[PDB]
Amino acid sequence: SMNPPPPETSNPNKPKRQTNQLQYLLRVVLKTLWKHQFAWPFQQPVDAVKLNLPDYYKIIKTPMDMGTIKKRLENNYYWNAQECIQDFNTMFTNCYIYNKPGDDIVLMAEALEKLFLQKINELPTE
Ligand SMILES: CCOc1ccc(C(C)=O)cc1-c1cc(NC(=O)c2ccco2)cc(-c2ccn(C)n2)c1
């Protein structure tokens, strides 16, 4: 019924490092996906109450969204680019699990994922 709290985005106990791949994930990948025409349902956690999707968090137990990824990148929450890439993949997979193939939101996520993969293919070395 109710929304869960959003995913955690900061942890002062976790170690921190800035890498060129994490910098690319924020300044290129996140920035580019955020401005896509289809980004807005993915810019914040799914509000299943407001969207009237009462079973959403009965089905989706690893919610993820780009608003959370943006804060995680800003707060140096990730040690590895791969952790951030996994969050993007979780966001897309969540949409494909909850929604019927071919639904409007699924086509929107598919377009975002294609652009994501294009940018991930140009992830710099190190
Ligand atoms: C009907 C089922 O809709 C959904 C089901 C599941 C999911 C997820 C994320 O699994 C998302 C939607 C969804 C949400 C929103 N709008 C926002 O999330 C929003 C709006 C403002 C702030 O946030 C819009 C559209 C939509 C589809 C076509 N158009 C033109 N618009 C679809």
# chains A, B, ... in the order shown; residues from 1 in each chain; ligands from 1
$ closest_atom_pairs --of "chain A" --to "ligand 1" --cutoff "10 Å" --atoms "only C-alpha atoms and all ligand atoms" --output "JSON lines"
{"residue": "A:38", "atom": "CA", "partner": "ligand 1", "partner_atom_place_in_ligand_line": "31 (N)", "distance": 8.5}
{"residue": "A:39", "atom": "CA", "partner": "ligand 1", "partner_atom_place_in_ligand_line": "18 (O)", "distance": 9.2}
{"residue": "A:40", "atom": "CA", "partner": "ligand 1", "partner_atom_place_in_ligand_line": "23 (O)", "distance": 5.8}
{"residue": "A:41", "atom": "CA", "partner": "ligand 1", "partner_atom_place_in_ligand_line": "18 (O)", "distance": 3.4}
{"residue": "A:42", "atom": "CA", "partner": "ligand 1", "partner_atom_place_in_ligand_line": "9 (C)", "distance": 6.1}
{"residue": "A:43", "atom": "CA", "partner": "ligand 1", "partner_atom_place_in_ligand_line": "23 (O)", "distance": 7.6}
{"residue": "A:44", "atom": "CA", "partner": "ligand 1", "partner_atom_place_in_ligand_line": "23 (O)", "distance": 7.3}
{"residue": "A:45", "atom": "CA", "partner": "ligand 1", "partner_atom_place_in_ligand_line": "9 (C)", "distance": 8.1}
{"residue": "A:46", "atom": "CA", "partner": "ligand 1", "partner_atom_place_in_ligand_line": "9 (C)", "distance": 5.7}
{"residue": "A:47", "atom": "CA", "partner": "ligand 1", "partner_atom_place_in_ligand_line": "18 (O)", "distance": 7.4}
{"residue": "A:48", "atom": "CA", "partner": "ligand 1", "partner_atom_place_in_ligand_line": "6 (C)", "distance": 8.5}
{"residue": "A:50", "atom": "CA", "partner": "ligand 1", "partner_atom_place_in_ligand_line": "23 (O)", "distance": 8.8}
{"residue": "A:51", "atom": "CA", "partner": "ligand 1", "partner_atom_place_in_ligand_line": "14 (C)", "distance": 6.7}
{"residue": "A:52", "atom": "CA", "partner": "ligand 1", "partner_atom_place_in_ligand_line": "2 (C)", "distance": 8.6}
{"residue": "A:53", "atom": "CA", "partner": "ligand 1", "partner_atom_place_in_ligand_line": "5 (C)", "distance": 7.3}
{"residue": "A:56", "atom": "CA", "partner": "ligand 1", "partner_atom_place_in_ligand_line": "10 (O)", "distance": 7.9}
{"residue": "A:60", "atom": "CA", "partner": "ligand 1", "partner_atom_place_in_ligand_line": "10 (O)", "distance": 9.3}
{"residue": "A:63", "atom": "CA", "partner": "ligand 1", "partner_atom_place_in_ligand_line": "10 (O)", "distance": 9.7}
{"residue": "A:64", "atom": "CA", "partner": "ligand 1", "partner_atom_place_in_ligand_line": "9 (C)", "distance": 9.7}
{"residue": "A:65", "atom": "CA", "partner": "ligand 1", "partner_atom_place_in_ligand_line": "9 (C)", "distance": 8.6}
{"residue": "A:91", "atom": "CA", "partner": "ligand 1", "partner_atom_place_in_ligand_line": "9 (C)", "distance": 8.5}
{"residue": "A:92", "atom": "CA", "partner": "ligand 1", "partner_atom_place_in_ligand_line": "10 (O)", "distance": 8.8}
{"residue": "A:93", "atom": "CA", "partner": "ligand 1", "partner_atom_place_in_ligand_line": "10 (O)", "distance": 9.6}
{"residue": "A:94", "atom": "CA", "partner": "ligand 1", "partner_atom_place_in_ligand_line": "10 (O)", "distance": 6.8}
{"residue": "A:95", "atom": "CA", "partner": "ligand 1", "partner_atom_place_in_ligand_line": "10 (O)", "distance": 4.5}
{"residue": "A:96", "atom": "CA", "partner": "ligand 1", "partner_atom_place_in_ligand_line": "10 (O)", "distance": 7.8}
{"residue": "A:97", "atom": "CA", "partner": "ligand 1", "partner_atom_place_in_ligand_line": "10 (O)", "distance": 8.5}
{"residue": "A:98", "atom": "CA", "partner": "ligand 1", "partner_atom_place_in_ligand_line": "10 (O)", "distance": 6.1}
{"residue": "A:99", "atom": "CA", "partner": "ligand 1", "partner_atom_place_in_ligand_line": "6 (C)", "distance": 6.1}
{"residue": "A:100", "atom": "CA", "partner": "ligand 1", "partner_atom_place_in_ligand_line": "6 (C)", "distance": 9.4}
{"residue": "A:103", "atom": "CA", "partner": "ligand 1", "partner_atom_place_in_ligand_line": "27 (C)", "distance": 8.0}
{"residue": "A:104", "atom": "CA", "partner": "ligand 1", "partner_atom_place_in_ligand_line": "28 (C)", "distance": 5.1}
{"residue": "A:105", "atom": "CA", "partner": "ligand 1", "partner_atom_place_in_ligand_line": "27 (C)", "distance": 4.8}
{"residue": "A:106", "atom": "CA", "partner": "ligand 1", "partner_atom_place_in_ligand_line": "10 (O)", "distance": 7.8}
{"residue": "A:107", "atom": "CA", "partner": "ligand 1", "partner_atom_place_in_ligand_line": "27 (C)", "distance": 9.1}
{"residue": "A:108", "atom": "CA", "partner": "ligand 1", "partner_atom_place_in_ligand_line": "27 (C)", "distance": 7.8}
{"residue": "A:109", "atom": "CA", "partner": "ligand 1", "partner_atom_place_in_ligand_line": "9 (C)", "distance": 8.5}
$ write_last_selection --atoms "C-alpha atoms" --output "PDB file, in the first residue's frame"
ATOM      1  CA  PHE A  38      11.268   9.965 -21.839  1.00  0.00           C
ATOM      2  CA  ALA A  39      13.248  10.528 -18.629  1.00  0.00           C
ATOM      3  CA  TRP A  40      10.614  11.959 -16.288  1.00  0.00           C
ATOM      4  CA  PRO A  41       9.016   8.704 -14.905  1.00  0.00           C
ATOM      5  CA  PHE A  42      12.562   7.584 -14.000  1.00  0.00           C
ATOM      6  CA  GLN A  43      13.863  10.798 -12.368  1.00  0.00           C
ATOM      7  CA  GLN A  44      12.544   9.905  -8.876  1.00  0.00           C
ATOM      8  CA  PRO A  45      11.361   6.771  -7.033  1.00  0.00           C
ATOM      9  CA  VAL A  46       8.107   5.264  -8.290  1.00  0.00           C
ATOM     10  CA  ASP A  47       5.325   6.891  -6.270  1.00  0.00           C
ATOM     11  CA  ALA A  48       3.000   3.898  -6.417  1.00  0.00           C
ATOM     12  CA  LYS A  50       0.154   8.736  -6.656  1.00  0.00           C
ATOM     13  CA  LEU A  51       0.446   6.561  -9.788  1.00  0.00           C
ATOM     14  CA  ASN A  52      -2.169   4.135  -8.387  1.00  0.00           C
ATOM     15  CA  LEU A  53       0.009   1.021  -8.701  1.00  0.00           C
ATOM     16  CA  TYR A  56       4.341  -2.104  -7.242  1.00  0.00           C
ATOM     17  CA  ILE A  60       9.622  -4.724  -7.043  1.00  0.00           C
ATOM     18  CA  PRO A  63      13.563  -0.129  -6.577  1.00  0.00           C
ATOM     19  CA  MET A  64      15.974   2.231  -8.304  1.00  0.00           C
ATOM     20  CA  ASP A  65      15.659   5.503 -10.180  1.00  0.00           C
ATOM     21  CA  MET A  91      15.971   0.547 -12.930  1.00  0.00           C
ATOM     22  CA  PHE A  92      15.416  -0.782 -16.462  1.00  0.00           C
ATOM     23  CA  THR A  93      14.813  -4.366 -15.314  1.00  0.00           C
ATOM     24  CA  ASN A  94      12.299  -3.170 -12.697  1.00  0.00           C
ATOM     25  CA  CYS A  95      10.250  -1.554 -15.459  1.00  0.00           C
ATOM     26  CA  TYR A  96      10.413  -4.674 -17.633  1.00  0.00           C
ATOM     27  CA  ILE A  97       9.335  -6.914 -14.726  1.00  0.00           C
ATOM     28  CA  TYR A  98       6.450  -4.815 -13.451  1.00  0.00           C
ATOM     29  CA  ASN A  99       4.955  -3.728 -16.768  1.00  0.00           C
ATOM     30  CA  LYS A 100       3.619  -5.802 -19.652  1.00  0.00           C
ATOM     31  CA  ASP A 103       3.398  -0.946 -22.783  1.00  0.00           C
ATOM     32  CA  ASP A 104       4.155   2.761 -23.305  1.00  0.00           C
ATOM     33  CA  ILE A 105       6.389   2.997 -20.215  1.00  0.00           C
ATOM     34  CA  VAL A 106       8.304  -0.091 -21.379  1.00  0.00           C
ATOM     35  CA  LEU A 107       8.985   1.471 -24.789  1.00  0.00           C
ATOM     36  CA  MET A 108      10.154   4.623 -22.994  1.00  0.00           C
ATOM     37  CA  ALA A 109      12.554   2.612 -20.811  1.00  0.00           C
TER      38      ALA A 109
END
$ residues_around --residues "residue 25 in chain A" --least-positions-apart "4" --cutoff "12 Å" --atoms "only C-alpha atoms" --output "MDAnalysis selection string"
chainID A and resid 18:21 29:34 66 69:70 72:74 76 78 80:88 116:117 119:124
$ residues_around --residues "residue 4 in chain A" --least-positions-apart "2" --cutoff "8 Å" --atoms "only C-alpha atoms" --output "PyMOL selection string"
chain A and resi 2+6+57
$ select_by_dssp --residues "chain A" --states "alpha helix (DSSP H)" --output "PyMOL selection string"
chain A and resi 20-24+31-34+56-59+66-74+81-98+104-121
$ write_last_selection --atoms "C-alpha atoms" --output "compact mmCIF listing (two decimals), in the first residue's frame"
# COMPACT_ATOMS: atom_id res chain seq x y z
CA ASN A 20 37.35 9.04 -14.25
CA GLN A 21 34.72 6.35 -14.92
CA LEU A 22 32.51 7.59 -12.09
CA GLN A 23 33.02 11.16 -13.29
CA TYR A 24 31.92 10.05 -16.77
CA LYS A 31 23.31 14.02 -17.54
CA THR A 32 22.40 12.73 -21.02
CA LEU A 33 19.68 10.33 -19.87
CA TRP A 34 18.18 12.95 -17.56
CA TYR A 56 4.34 -2.10 -7.24
CA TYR A 57 6.41 -2.65 -4.11
CA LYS A 58 4.90 -6.10 -3.66
CA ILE A 59 6.57 -7.04 -6.96
CA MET A 66 17.86 8.19 -11.70
CA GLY A 67 17.22 10.69 -8.90
CA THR A 68 18.80 8.17 -6.53
CA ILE A 69 21.68 7.46 -8.93
CA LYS A 70 22.41 11.20 -9.27
CA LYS A 71 22.67 11.56 -5.48
CA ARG A 72 24.76 8.40 -5.13
CA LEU A 73 27.23 9.74 -7.70
CA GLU A 74 27.30 13.19 -6.06
CA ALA A 81 31.61 2.27 -11.91
CA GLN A 82 30.12 -1.24 -12.05
CA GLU A 83 27.99 -0.56 -8.94
CA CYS A 84 26.46 2.47 -10.67
CA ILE A 85 25.97 0.61 -13.95
CA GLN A 86 24.14 -2.06 -11.95
CA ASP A 87 21.75 0.57 -10.55
CA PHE A 88 20.87 1.74 -14.07
CA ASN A 89 20.29 -1.88 -15.09
CA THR A 90 18.11 -2.47 -12.03
CA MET A 91 15.97 0.55 -12.93
CA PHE A 92 15.42 -0.78 -16.46
CA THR A 93 14.81 -4.37 -15.31
CA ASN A 94 12.30 -3.17 -12.70
CA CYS A 95 10.25 -1.55 -15.46
CA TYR A 96 10.41 -4.67 -17.63
CA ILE A 97 9.34 -6.91 -14.73
CA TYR A 98 6.45 -4.81 -13.45
CA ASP A 104 4.16 2.76 -23.31
CA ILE A 105 6.39 3.00 -20.21
CA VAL A 106 8.30 -0.09 -21.38
CA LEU A 107 8.99 1.47 -24.79
CA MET A 108 10.15 4.62 -22.99
CA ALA A 109 12.55 2.61 -20.81
CA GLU A 110 13.78 0.70 -23.87
CA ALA A 111 14.69 3.96 -25.59
CA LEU A 112 16.52 5.14 -22.45
CA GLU A 113 18.38 1.82 -22.22
CA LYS A 114 19.54 2.03 -25.84
CA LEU A 115 21.00 5.47 -25.15
CA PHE A 116 22.50 4.18 -21.88
CA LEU A 117 24.24 1.32 -23.68
CA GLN A 118 25.56 3.72 -26.33
CA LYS A 119 27.15 5.86 -23.61
CA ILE A 120 28.45 2.86 -21.63
CA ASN A 121 30.20 1.64 -24.80
$ closest_residue --among "A:3, A:37, A:49, A:79" --to "residue 61 in chain A" --atoms "only C-alpha atoms"
A:3
$ closest_residue --among "A:55, A:102, A:126, A:77" --to "residue 13 in chain A" --atoms "only C-alpha atoms"
A:77
$ decode --residues "range 18-42 of chain A" --atoms "N, CA, C and O atoms" --output "CSV table (one decimal), in the first residue's frame"
chain,number,residue,atom,x,y,z
A,18,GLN,N,37.2,9.3,-6.2
A,18,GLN,CA,36.7,9.8,-7.4
A,18,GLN,C,37.5,9.2,-8.6
A,18,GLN,O,38.8,9.3,-8.6
A,19,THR,N,36.9,8.5,-9.5
A,19,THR,CA,37.5,7.9,-10.6
A,19,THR,C,37.0,8.6,-11.9
A,19,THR,O,35.9,9.1,-12.0
A,20,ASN,N,37.8,8.5,-13.0
A,20,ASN,CA,37.3,9.0,-14.3
A,20,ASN,C,36.1,8.3,-14.8
A,20,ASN,O,35.3,9.0,-15.5
A,21,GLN,N,35.9,7.0,-14.5
A,21,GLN,CA,34.7,6.4,-14.9
A,21,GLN,C,33.5,6.8,-14.2
A,21,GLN,O,32.4,7.0,-14.8
A,22,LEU,N,33.6,7.0,-12.9
A,22,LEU,CA,32.5,7.6,-12.1
A,22,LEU,C,32.2,9.0,-12.5
A,22,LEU,O,31.0,9.4,-12.5
A,23,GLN,N,33.2,9.8,-12.8
A,23,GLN,CA,33.0,11.2,-13.3
A,23,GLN,C,32.3,11.1,-14.6
A,23,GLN,O,31.4,11.9,-14.8
A,24,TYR,N,32.6,10.2,-15.5
A,24,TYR,CA,31.9,10.1,-16.8
A,24,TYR,C,30.5,9.6,-16.5
A,24,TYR,O,29.6,10.1,-17.2
A,25,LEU,N,30.2,8.7,-15.6
A,25,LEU,CA,28.9,8.3,-15.3
A,25,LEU,C,28.0,9.5,-14.9
A,25,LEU,O,26.8,9.5,-15.2
A,26,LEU,N,28.5,10.4,-14.1
A,26,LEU,CA,27.7,11.6,-13.7
A,26,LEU,C,27.6,12.6,-14.8
A,26,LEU,O,26.5,13.0,-15.2
A,27,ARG,N,28.7,13.0,-15.3
A,27,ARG,CA,28.7,14.2,-16.2
A,27,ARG,C,28.3,13.9,-17.7
A,27,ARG,O,27.9,14.8,-18.4
A,28,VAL,N,28.4,12.6,-18.1
A,28,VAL,CA,27.9,12.2,-19.4
A,28,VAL,C,26.7,11.3,-19.3
A,28,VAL,O,25.6,11.7,-19.9
A,29,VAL,N,26.7,10.2,-18.7
A,29,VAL,CA,25.6,9.2,-18.8
A,29,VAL,C,24.4,9.7,-18.1
A,29,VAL,O,23.3,9.9,-18.7
A,30,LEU,N,24.5,10.0,-16.8
A,30,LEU,CA,23.4,10.5,-16.0
A,30,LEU,C,22.8,11.8,-16.7
A,30,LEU,O,21.6,11.9,-16.9
A,31,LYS,N,23.7,12.7,-17.0
A,31,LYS,CA,23.3,14.0,-17.5
A,31,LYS,C,22.5,13.8,-18.8
A,31,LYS,O,21.5,14.5,-19.1
A,32,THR,N,23.0,12.9,-19.7
A,32,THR,CA,22.4,12.7,-21.0
A,32,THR,C,21.0,12.0,-20.9
A,32,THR,O,20.1,12.4,-21.5
A,33,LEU,N,21.0,11.0,-20.0
A,33,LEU,CA,19.7,10.3,-19.9
A,33,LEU,C,18.7,11.2,-19.2
A,33,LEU,O,17.5,11.2,-19.6
A,34,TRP,N,19.1,12.1,-18.3
A,34,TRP,CA,18.2,12.9,-17.6
A,34,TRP,C,17.4,13.9,-18.5
A,34,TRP,O,16.2,14.1,-18.3
A,35,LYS,N,18.1,14.3,-19.6
A,35,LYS,CA,17.5,15.3,-20.5
A,35,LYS,C,16.7,14.6,-21.6
A,35,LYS,O,16.1,15.4,-22.4
A,36,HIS,N,16.7,13.3,-21.7
A,36,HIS,CA,15.9,12.7,-22.8
A,36,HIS,C,14.4,12.9,-22.5
A,36,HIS,O,13.9,13.1,-21.4
A,37,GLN,N,13.6,13.0,-23.6
A,37,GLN,CA,12.2,13.3,-23.6
A,37,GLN,C,11.5,12.2,-22.7
A,37,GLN,O,10.4,12.6,-22.1
A,38,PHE,N,12.0,11.0,-22.6
A,38,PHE,CA,11.3,10.0,-21.8
A,38,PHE,C,11.8,9.8,-20.4
A,38,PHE,O,11.5,8.8,-19.8
A,39,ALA,N,12.6,10.8,-19.9
A,39,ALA,CA,13.2,10.5,-18.6
A,39,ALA,C,12.3,10.7,-17.4
A,39,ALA,O,12.6,10.1,-16.4
A,40,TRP,N,11.3,11.5,-17.5
A,40,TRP,CA,10.6,12.0,-16.3
A,40,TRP,C,10.0,10.9,-15.4
A,40,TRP,O,10.1,11.0,-14.2
A,41,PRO,N,9.5,9.7,-15.9
A,41,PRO,CA,9.0,8.7,-14.9
A,41,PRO,C,10.2,8.0,-14.2
A,41,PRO,O,9.9,7.4,-13.1
A,42,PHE,N,11.4,8.2,-14.6
A,42,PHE,CA,12.6,7.6,-14.0
A,42,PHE,C,13.5,8.6,-13.2
A,42,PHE,O,14.5,8.2,-12.8
